[PDB]
Asks: 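Handing you this structure, nothing more for now.
Atoms within each ligand, like the ligands themselves, are counted from 1 in listed order. Throughout, protein chains are lettered first and strands after them, A, B, ... in sequence-line order, and every chain is numbered starting at 1.
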Amino acid sequence: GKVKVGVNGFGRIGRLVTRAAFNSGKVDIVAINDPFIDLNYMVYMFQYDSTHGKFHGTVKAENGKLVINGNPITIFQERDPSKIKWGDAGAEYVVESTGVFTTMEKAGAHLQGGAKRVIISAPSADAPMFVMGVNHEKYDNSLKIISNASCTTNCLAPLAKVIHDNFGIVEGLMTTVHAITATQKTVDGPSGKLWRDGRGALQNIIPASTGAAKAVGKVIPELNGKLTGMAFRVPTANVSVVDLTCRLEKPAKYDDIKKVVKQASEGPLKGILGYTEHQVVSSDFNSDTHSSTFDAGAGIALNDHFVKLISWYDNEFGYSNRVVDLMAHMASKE
Amino acid sequence: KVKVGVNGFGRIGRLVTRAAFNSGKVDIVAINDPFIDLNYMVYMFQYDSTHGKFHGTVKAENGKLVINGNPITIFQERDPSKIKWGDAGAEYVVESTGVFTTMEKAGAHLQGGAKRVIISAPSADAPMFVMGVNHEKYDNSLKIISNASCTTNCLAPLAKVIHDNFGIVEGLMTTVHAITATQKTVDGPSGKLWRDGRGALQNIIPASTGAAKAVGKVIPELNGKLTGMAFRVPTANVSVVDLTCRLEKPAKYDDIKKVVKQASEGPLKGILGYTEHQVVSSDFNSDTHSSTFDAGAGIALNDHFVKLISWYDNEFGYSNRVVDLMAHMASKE
Amino acid sequence: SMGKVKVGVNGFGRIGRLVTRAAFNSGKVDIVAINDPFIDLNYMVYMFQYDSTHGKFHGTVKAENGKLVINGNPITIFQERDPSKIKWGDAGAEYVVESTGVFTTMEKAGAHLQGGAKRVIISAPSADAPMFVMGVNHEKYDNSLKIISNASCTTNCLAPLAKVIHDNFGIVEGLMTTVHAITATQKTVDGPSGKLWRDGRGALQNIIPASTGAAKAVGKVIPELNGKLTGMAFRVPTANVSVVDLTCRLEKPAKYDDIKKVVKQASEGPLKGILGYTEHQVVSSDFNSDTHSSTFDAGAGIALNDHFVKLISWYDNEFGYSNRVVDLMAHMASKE
Amino acid sequence: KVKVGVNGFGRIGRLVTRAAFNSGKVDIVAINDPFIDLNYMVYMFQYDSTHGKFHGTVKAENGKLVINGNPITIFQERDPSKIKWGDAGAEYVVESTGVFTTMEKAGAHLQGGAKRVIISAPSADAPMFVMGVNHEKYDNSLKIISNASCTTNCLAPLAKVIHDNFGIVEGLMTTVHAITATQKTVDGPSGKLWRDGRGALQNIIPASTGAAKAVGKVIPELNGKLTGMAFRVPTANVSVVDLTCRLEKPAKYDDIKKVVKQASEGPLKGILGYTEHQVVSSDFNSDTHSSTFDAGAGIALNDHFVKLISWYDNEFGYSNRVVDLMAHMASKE
Ligand SMILES: NC(=O)c1ccc[n+]([C@@H]2O[C@H](COP(=O)([O-])OP(=O)(O)OC[C@H]3O[C@@H](n4cnc5c(N)ncnc54)[C@H](O)[C@@H]3O)[C@@H](O)[C@H]2O)c1
Ligand SMILES: NC(=O)c1ccc[n+]([C@@H]2O[C@H](COP(=O)([O-])OP(=O)(O)OC[C@H]3O[C@@H](n4cnc5c(N)ncnc54)[C@H](O)[C@@H]3O)[C@@H](O)[C@H]2O)c1
Ligand SMILES: NC(=O)c1ccc[n+]([C@H]2O[C@@H](COP(=O)([O-])OP(=O)(O)OC[C@H]3O[C@@H](n4cnc5c(N)ncnc54)[C@H](O)[C@@H]3O)[C@@H](O)[C@@H]2O)c1
Ligand SMILES: NC(=O)c1ccc[n+]([C@H]2O[C@@H](COP(=O)([O-])OP(=O)(O)OC[C@H]3O[C@@H](n4cnc5c(N)ncnc54)[C@H](O)[C@@H]3O)[C@@H](O)[C@H]2O)c1
Ligand SMILES: *[C@](O)([C@H](C)CCc1occc1C)[C@@]1(O)[C@H]2[C@@H](CC[C@@H]2C)[C@H](C)[C@]2(O)OC[C@H](C)C[C@]12O
Ligand SMILES: [Cl-]
Ligand SMILES: [Cl-]
Ligand SMILES: [Cl-]
Ligand SMILES: [Cl-]
Ligand SMILES: [Cl-]
Ligand SMILES: [Zn+2]
Ligand SMILES: [Zn+2]
Ligand SMILES: [Zn+2]
Ligand SMILES: [Zn+2]
Ligand SMILES: [Zn+2]
Ligand SMILES: [Zn+2]
Ligand SMILES: [Zn+2]
């Protein structure tokens, strides 16, 4: 009954999707491809995690396979995704978590080796994009190549849904203060396409472009063209925050806003959108599996139509859990 | 050159003194700090993790601190009232401690025979200035005055240009702020401000700030039209303001760029910077601007609703302003 | 006569909170009272519940009827600056953990006896109290000793390793560096530290050399090494976990594989839980929340020759030490 | 002044260039990087998170990089053997890419008409030099050489003074070293060196290093008598050496201080520094010494067994030594 899954790119997201799948039992990981991490290295990289701690389970190399909690995983080492024998390994869905194959054309290479469906762990220029709790019911069986959007979109869209559903968003500008990621550099280094992203990640606050707010208008079509934003990368290793400045169509007191977010967090968006009035800081959300946790005490309203709302997200662990949730929902529809 | 005294030799005290000797706009003659003896003052002024070693000379001679060959008198006097300023020849005096922010508690410097007191911080009830915005509203009647905060000094110059040209209907500000001395290394006690106790290396920390409201006190027309909040992040210096605002008259982003650029080259030269370069925070380390507009970092949704980004070295910009203020108060004497 | 000793904690800080956490996790002692004039009851709930380094408390914690209630156990809360005025006896606290950092002499720590505590355990080195390292000299504790010290995090890392090396090969002389995480004594940005100037400098920006008596202290808990060790520290910008680097000359020849064998044997037997052993390609975060006093890193050390070696051992300076405070108190209880 | 080509405009190539223009000791006339276009070189050279904005001018002009008014020929060759150094007039080439560290690979620059190559890293086969210690062993027969590492350049000058005066029987070195470009921001792949893949911001990371053993090549009397290891820690620049050594002759700590201080003022001036100040790592940012002995930080167990501490700006000290080595080579012809 559980869908069998293959992971392309055993990185932060590849490893934590694997970790999430084994922790939740919602899907079964049967194959991993990563040309830059051999089998014995995968054991080490999966077992020890600077951010989320040692894996709670067993991992070893046995008979040329990676065995997680007694479950053997076929390991591939292919640079070219069209050459990965997913079908032979029994992988039905492929998580595409390399960062380099994000178009439907590129991600579609996995169909050549026998995958049935591909879930891109990032925004896509052209794939249908999903955020669990917001538009995952728009998924249908005709969609072989889909995107789970970004961490930032998965934080903003559940909050935006609640605000838009209750009061309407006329227009919104978003900032995300975002943890450093593997794309950044330790010291000033080369990033020919994006100069600021080459600058030393430990030393700097680094402004960066993001399509994450615009993307919310693709997962919530009524908000198409009504949102945009940007990011600052800062020197923390995990956990990020969204700051949405928006104008509301209908007036809302800040306590009205709190009430509808809290109600959504306790009912239909349970496990997706969280709600806190605690005096939280970023490390309080390390390994928190929500997509989005609204911080009641941190936001501020100028008036009943113009507000700044704050939501936290563990950019690694919330998203990884969402990738697994999406695949479980896809499988239920087969 | 007016002759100046400093109460506290903390980051602002030291950096005002540094700015005073580097600019040569004013001239320091006295300092007071109980948690800090003369020999220790030499070391704290000479070496600085953030801004580097002082360019010049500093020594203890005859019980005075001597900077670039200039003797300075050193009080230890635990109570501001008890501060023999006039003795030392301190015309104006900078209140850098920030537990004497009110006008009464900081009136105390008048008791010691000091003429006029520039406070290095927001005040509940004193007249706040920001150079380039409302300093031309200083006349001689004024004693205890405020130079506002670092963040207000970043936000107000940009707000002035944007309001002057397009009108700000309303705005909400975020500052992403480097760590400060009020934060803790590891989770520790901050009983009035619990989030501020949490370890500063490990955390993004949301914080209240009155800086955006305060803009409405130096720019009366923006009173009640701005508020905001902050995030403390684990960098050692240089902060950024993110102002999201709704404009009355429509403005293409290229028009916003044009007016900010004009202002930076003209009347706000030295105060409001303008760049289109692909900058990051450390590029503004020891930059003496109040506010530098980052053209490439900002983003418009439409002609009425825009997000504008401005950098400030929270330590250094402000310190230079406190000196600039005194040079300008000296020309009004 | 004495069963599970009841404990009071003076100073609810990193160590006071994590000793509390260790006591509830291990069950070895019962925390019945806490004193901190800088953290009121509602604030204690928050500071205990959420921890940047070690994560949310796995249990329940709340305030009710003026008590702190942890895992349903009510704890009496005091707010006294002067330790002679804390009513430990009325609250049922028998041993007191003196974890403020400002009462480390037998005379200052002994203030707790005035309010009815029976014994005091100073969570730091002491100029005059008997000092103990679990696994090394705790069996030298006797019930005549009412005020004692559990030494420092660093001494608890070095001593168990120094014991094994000395016992097997003989240490002629040794010099130790500890590369140590930042602590609450340091500053976020350059600020005043009148007696220790370097310690005022910004903790996030700098490597900061600091004196430490931790190596010299090993010669007090292992008398045969008296005057044979000393060392120093560098503070670096990590929030927790530290490492000891011991360079020593050995009396008998020791191949590195022999050193590894005897450490592994000690870690598996008499020093189990105290001294660990690994050959894994570890880094500091791998020991976050690790309860060992000392984990020998086989791959990180290096021998110049059979008599001159550099040995590396990791320690969670918060969590290893806090567990050791609990362990020592339960040992003390067993000897009443 | 000898004319110099720089292969690779990473951190070393950039700071060698900066050292060259700052000191004036050599004339940079060409730079090769296949990966980094001219406009991007301007940006990478002008702005530096660690050392600040370049003190001077830099611009693109007529297809050349122009620094302080000096045009520099820019190449974009993947294959070192194809770089036309001769046509650009580059006599010596600094091989700073990190991937051409053997004599076979480094020697490709000679095919394009370079006369000598200086590898800005340890080499498995090129002779290694440390200025102040064995640079007088350089001779005109040596067409391809190495300037060793930043750590060897720190340890060797201190080891030389101690050995010369007291004799080193045996020594073990630890270096607590700032992060570098080879590390990762979060846990990532490093297949030959698993610990070095782990997040550099989060971790103390132990690493093997031949830097201490290498001292036995530049000081042959110490062959087999020194080794050590490194800890990478989350600071962005400046490192420190901790040398634990047994001495043949007795030495009071105060005798150690005297001989290091004399060395710092005489033959090793500018190379080996000496301080009794209460320094921390940031006090050495942009310091051009190879090695600064920290008198206050070290400790003696006895007259024969000591721990000595010496700071080094791994970037700036080393880059200045590459320039100084080239000036010394130029002095021989
Ligand atoms: N905070 C986050 O990291 C985050 C959150 C949500 C989504 N994502 C997205 O998920 C993707 C991966 O994110 P990440 O942080 O884990 O980066 P990452 O660098 O850790 O992932 C790359 C991994 O895939 C492997 N890989 C690289 N090229 C490959 C190839 N050609 N074939 C197979 N494997 C290859 C890498 O060696 C590495 O193990 C990115 O698109 C990223 O933006 C990231
Ligand atoms: N890595 C470590 O933190 C570590 C490891 C081993 C031992 N120790 C030792 O344990 C002691 C505490 O270490 P720490 O890191 O937790 O420091 P800390 O600052 O976190 O502990 C101080 C706590 O006690 C409270 N306190 C202060 N003065 C008090 C008083 N007069 N009465 C009652 N309570 C008071 C503080 O408000 C604070 O809550 C120190 O001596 C320290 O060196 C610390
Ligand atoms: N001893 C060795 O065997 C060895 C091995 C690897 C690296 N290294 C050396 O690297 C040194 C300096 O490092 P850094 O901190 O400046 O690193 P860096 O990454 O900042 O500089 C490397 C630069 O070389 C450039 N580069 C890469 N390939 C190139 C090519 N084919 N042609 C021209 N340029 C190219 C890159 O653009 C990059 O900017 C030392 O760490 C170390 O000595 C040495
Ligand atoms: N409105 C506000 O936001 C607010 C609130 C409180 C304080 N403050 C002030 O506090 C300062 C913080 O800036 P900082 O970086 O200089 O902090 P800081 O900690 O470095 O400044 C304190 C310095 O003054 C010295 N000092 C302390 N008490 C003193 C006294 N009674 N008399 C004389 N000197 C004393 C300190 O020992 C220290 O050297 C102001 O810049 C300002 O922020 C402002
Ligand atoms: C220094 O820093 C060392 C050698 C890095 C690693 C190391 O430290 C001690 C022992 C080892 C093996 C450098 O690599 C510098 C590099 C950039 C930063 C980095 C820390 C400088 C500028 C360097 O010159 O590159 C050449 C080299 C091998 C050494 C180097 O100094
Ligand atoms: Cl865990
Ligand atoms: Cl309009
Ligand atoms: Cl936990
Ligand atoms: Cl400079
Ligand atoms: Cl002797
Ligand atoms: Zn309305
Ligand atoms: Zn300077
Ligand atoms: Zn004027
Ligand atoms: Zn022997
Ligand atoms: Zn026992
Ligand atoms: Zn001196
Ligand atoms: Zn010479």
Asks: For a quick check: using heavy atoms under 4.0 Å, what are the residues in contact with ligand 1, sorted by chain and number?
Replies: A/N8, A/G9, A/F10, A/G11, A/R12, A/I13, A/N33, A/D34, A/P35, A/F36, A/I37, A/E78, A/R79, A/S97, A/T98, A/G99, A/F101, A/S121, A/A122, A/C151, A/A182, A/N315, A/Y319, D/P189

Asks: Under 3.5 Å, is there a donor-acceptor pair linking the side chains of A/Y319 and A/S121?
Replies: no

Asks: Are the side chain of B/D283 and the backbone N or O of B/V280 linked by a donor-acceptor pair below 3.5 Å?
Replies: yes

Asks: Using ring-ring contact (aromatic ring centres under 6.0 Å, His included) as the criterion, list what pairs up with A/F232, not counting sequence neighbours.
Replies: none

Asks: Below 30° counts as parallel, above 60° as perpendicular, anything between as tilted: where do the rings of B/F284 and B/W311 land?
Replies: parallel

Asks: Less than 4.0 Å between a side-chain N and a carboxylate O, is that true for A/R247 and B/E170?
Replies: yes

Asks: Looking only at heavy atoms, which two atoms of A/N315 and A/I13 are closest? And how far apart?
Replies: O-CD1, 4.3 Å

Asks: Looking at side-chain heavy atoms only, is the closest gap between A/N8 and A/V95 below 4.5 Å?
Replies: no

Asks: Report the C-alpha distance between A/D325 and A/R322 in whole Å, list the side-chain angles of each, state the deciding distance to 0.1 Å, and finish with yes or no for salt bridge (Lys or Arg N to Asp or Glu O under 4.0 Å).
Replies: CA-CA 5 Å; A/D325 289 348; A/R322 290 308 89 74; 2.8 Å; yes

Asks: Extract all donor-acceptor atom pairs below 3.5 Å that involve side chains of residues 41-49 of chain A and protein atoms in other chains or at least two apart in sequence.
Replies:
unit_1	atom_1	unit_2	atom_2	d
A/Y41	OH	D/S190	N	2.8
A/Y41	OH	D/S190	O	3.4
A/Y44	OH	C/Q281	O	2.7
A/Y44	OH	D/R198	NH1	3.1
A/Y48	OH	C/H280	ND1	2.9
A/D49	OD1	A/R12	NH2	2.9
A/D49	OD1	A/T51	N	3.0
A/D49	OD1	A/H52	N	2.8
A/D49	OD2	A/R12	NH1	2.6
A/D49	OD2	A/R12	NH2	3.2

Asks: Counting no waters, what protein N/O/S atoms lie under 2.8 Å from the Zn ion (ligand 11)?
Replies: A/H305 NE2

